[PDB]
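Examining the three-dimensional arrangement
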Amino acid sequence: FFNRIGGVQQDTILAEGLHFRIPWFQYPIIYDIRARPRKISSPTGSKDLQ
């Protein structure tokens, strides 16, 4: 819930479904709950310093 006056309503998260919002005043920001994989390569040294 992002309202131009208030800011992000850090408060309430809206679930799936059809909702009511005030045009121009409020912007919904939709984020995905889905799990996603990410691979990060990292070079690092061990205790032996290799």
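- As documented in the archive entry, the model was determined using cryo-EM at 16.3 Å resolution.

Thoughts on unusual backbone geometry
- Phi angles above zero are rare outside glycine, and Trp24 is one such case at about 80 degrees.
- Considering the arrangement of structural elements, one finds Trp24 in the loop between β2 (7–8) and β3 (26–27).

Brief notes about the side chain of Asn3
- In this fold, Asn3 is placed in strand β1 (residues 2–3).
- Exposure remark for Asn3: the relative accessible area of 18% places this residue in the buried category.
- Discounting residues that sit within four places of it in the chain, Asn3 has contacts with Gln9, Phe25 and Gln26.

What about the sheet that holds β1?
- Across the sheet, which stays open at both edges, the three strands sit in the order β2-β1-β3 with antiparallel pairing between neighbours. One side of each edge strand has no neighbouring strand; the edge strands of this open sheet are β2 and β3.
- Here two bridges tie β1 to β3, and the two strands are oriented antiparallel to one another. Considered in β3, the bridge of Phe2 is made with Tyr27.

Overview of the side chain of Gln26
- On the secondary structure map, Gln26 appears in strand β3.
- If sequence neighbours within four positions are ignored, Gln26 has contacts with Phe1, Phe2, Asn3 and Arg21.

What about the layout of surface pockets?
- Within this model, the largest pocket holds a volume of roughly 480 Å³.
- Forming the walls of the largest pocket are 18 residues, and the residues nearest its centre are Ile13, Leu14, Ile29, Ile30 and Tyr31.
- Tallied by class, residues from the lining of the largest pocket come to ten nonpolar, five polar and three charged.

Definitions and limits used
Each chain carries its own residue count, beginning from 1 and running in the order its sequence is written; this scheme need not agree with the entry numbering, and residues with no coordinates do not appear. Scope of values: the displayed chains only, which are part of a larger assembly. Excluding hydrogens and water, the side-chain figures rest on all heavy atoms present in the structure. Labels follow the DSSP assignment, with helices taken as runs of H or I lasting at least four residues and strands as runs of E lasting at least two, numbered in each case from the N terminus. Relative accessibility decides the category of a residue: with a 1.4 Å probe and only protein chains considered, values under 20% of the type maximum give buried, values over 50% give exposed, and everything between is partly exposed. Residue contacts are counted whenever heavy atoms from the two residues lie within 4.5 Å of one another. Should DSSP find at least two bridges between two strands, the strands are taken to pair. Cavity and pocket criteria rest on a 1 Å grid covering protein atoms alone: a 1.4 Å probe that fits but cannot get out defines a cavity, protein on both sides within 12 Å along at least 5 of 7 lines defines an open pocket, and an atom within 4 Å of a point defines a lining residue. Grid points are joined across faces, edges and corners, and a volume is the space filled by probe spheres set on the points. Each residue gets one label: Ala, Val, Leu, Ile, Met, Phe, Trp, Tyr, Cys and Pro are nonpolar, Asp, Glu, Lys and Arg are charged, and the others, such as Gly, are polar.

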